[PDB]
Amino acid sequence: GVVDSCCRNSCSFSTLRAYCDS
Amino acid sequence: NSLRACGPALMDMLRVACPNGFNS
């Protein structure tokens with residue numbers, strides 16, 4: 001999830017955004 | 001072109017990046 005993608009690794013802003021609810 | 005955030009900062013960033021929120 002978001003922690004794996006953006007904390008354990010760096011992520012792009014569009015990747016952060018994809019982890020939002022919609 | 002990258003971001004890295006852990007703990008409260010990551011939650012604060014999701015809060016402003018996400019209009020309809022997030023729930024993991």
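What's counted below: heavy atoms across the whole structure, side chains too, no hydrogens, waters or symmetry copies. All chains are named by letter (A, B, ...) in the order of the sequence lines, taking the proteins before the strands, and each is independently numbered beginning at 1.
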Exercise. Could you look at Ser24(B) and say if it's the side chain, the backbone, both or neither that has a heavy atom under 4.5 Å from chain A?
Key: side chain
Quiz item: Of the listed residues (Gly7(B), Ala9(B), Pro19(B), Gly21(B)), which shares the most heavy-atom pairs with chain A below a 4.5 Å separation?
Solution: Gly21(B)
Exercise. Determine yes or no for a side-chain-to-main-chain donor-acceptor pair under 3.5 angstrom, with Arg4(B) supplying the side chain and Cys6(A) the backbone.
Key: no
What is the distance from atom [atom1] of [X] to atom [atom2] of [Y], rounded to the nearest 0.5 Å?
X: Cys20(A); Y: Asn23(B); atom1: SG; atom2: CG; answer: 11.5 Å
X: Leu3(B); Y: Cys11(A); atom1: CG; atom2: SG; answer: 4.0 Å
X: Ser10(A); Y: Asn1(B); atom1: OG; atom2: CG; answer: 9.5 Å
X: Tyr19(A); Y: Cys18(B); atom1: OH; atom2: SG; answer: 12.0 Å

